[PDB]
C-alpha cells in the first residue's frame, strides 16, 4: 500500500514544517546554521526598518541605540555577511530597547517572519562558534519553497509519499502536476494570521487568501473526489493573540460578532472560553465552504494544529492514518 499526499496552502502557512516533523518522527545540521543566522539577521533589520515608516512612528527608548540602528541598516543588503561578534551585540542591544519591542508588537502592520521572537530571544546561543542547532531550531528556521519536493516514509510498514510545494501565488502554477492520482490533500492554514496581509500585494488579508485558496481547491474540477485534511495550523500563536486583547478578530471578520461556540465542541483541558470560540469560528468559516458543495463525492477533515510541536503532529498524523486507511483512501 502506497499513499501519495499533497501539501497545499498559502505562503508561510507551515507546509514545509509539517514535513520536517515527518522526518523527525518516521525517517547535515551544519548547513542549517547559516539559515538560522539569516533568519536572525532578517528579523532584526525588518523590525528596525519599520520603526520610521509606521503611523504613528515608533521612537527608540534610548538615543544610544540609534547608532546600532544606523549600523544594522548599513549592513542590510550585504551579500556574503560574515557575522562578526559585533553584529550579535548590536542586535541584542536593540532587541532590549523598548522602542524596538513596541514596534515588534505592531508587526502585523508590515511583513515579518514568524520565527522573529524565537531566534532573537537566544542570540547568545546562536553566536557561539561551537553552536549546534536543536530540533526546535530546525523547525523554526524559515526558508521559502520553490518547486516540488517528494518525501518518503513508513508507519507500521505502510508507505507515504509526501509532496511539498510553494504556497506563494506564483509557485502555485506547479501544483497541477501532483493532482492526478492523489490519495488525499492536506490543506494547511495559518489560523493566527487574521490581523495580517499577504506578502504578494501587501493588502489582501492572509486568512481571506487562505479561504479563497481553499474554496478554489475544494471546488476544483480535477479534485472533485479527493478528500481534504485541513490543518488549522499555528494554534499556539492564535491563542496568544486572542488572549492578548490587542488585535480584535471582529474587526477583520464582522461575522464573528454573531458567532457562538457549538455544543458538540471539545475544548482542551484548561482552555479559555475565548480561545475555544476563536479557533472554532475559524474552523467553521472553512467548513461553511466545504459544506456548500460535494454530495459525498469527497469529505473534509478539520484538525487543530501547531506544526512546531513535534508532539501535536505525532498525535494528529495518527488521526490522519486512521482517516486514510479507514475510508478506503
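Positions refer to the first chain, counted from 1.
In the deposited sequence, the stretch from residue 55 to residue 56 has no residues without coordinates, so the chain runs on without a break. Higher mean CA temperature factor, per the PDB entry, when comparing 252-260 with 180-188: 252-260. Note on 41-49 vs 287-295: mean CA B-factor is higher in 287-295. Looking at 84, 166, 133, 79, the one whose CA carries the top B-factor in the deposited record is 79. Looking at the C-alpha B-factors along this chain, the one for residue 318 belongs to the highest third. In this PDB entry, the Cα temperature factor of residue 311 sits in the top third of its chain's modelled residues, the highest group.
Sorting the modelled residues of the chain by their CA temperature factor places residue 324 in the highest third. Ranked against the other modelled residues of its chain, the C-alpha B-factor of residue 219 as given in the entry falls in the lowest third. Sort the chain's modelled residues by C-alpha temperature factor and residue 143 lands in the lowest third, per the entry.
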